[PDB]
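Notes follow once the structure below has been shown.
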């Protein structure tokens, strides 16, 4: 049993995927940076639930950029997010931002 509020992000006291999940019942808008950009503008990819697997997300964007989850790589605060892992586990929800990197920059494809 436990309960309380939070403010600053602590490394030696991160919220468990179990708590992070409930903490946010509704959908959490996950912001993702553009492939080979930053100053430009980010996209808006929300997920009904956080429990979802990082992979399921890569698919959503994979449509806009037209790139297979395999090609594009997702990186999170902690590091390269694994499709097998979930979002809540990494503490991603209405606050955390993920980055999208393109596998081997094309060249003739500018913004």
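The table that follows gives values for the structure above.
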| item | result |
| --- | --- |
| Calculated FRET efficiency for the pair residue 2/residue 31, C-beta based, R₀ 30 Å, to 0.05 | 0.50 |
| Mean separation of Cα contacts under 8 Å (6+ apart) over length of the chain, as relative contact order % | 32 percent |
| Point-to-point label distance, residue 85-residue 41, nm (Cα→Cβ direction, 7 Å offset) | 3.1 nm |
| Candidates 28, 13, 94, ranked by Gaussian network fluctuation over the chain, Cα under 10 Å, top entry | 13 |
| Max mean-square fluctuation residue, GNM over the chain, Cα-Cα springs under 10 Å, options 44, 96, 11 | 11 |
| Helix-only [θ]222 nm of the chain, DSSP H runs n ≥ 4, -39500 (n - 2.57) each, per residue, nearest 500 | -3500 deg cm²/dmol |
| Gained length - residue 18 relative to residue 48, 0.36 nm times residue gap less alpha-carbon distance | 9.2 nm |
| The chain: antiparallel DSSP beta bridges as a percent of all, rounded to 5 | 85 percent |
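None of the figures in this text is laboratory data; all of them are computed from the coordinates on show. So basically every Cβ, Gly included, is an ideal-geometry build from the backbone, and we count neighbours across all protein chains shown.
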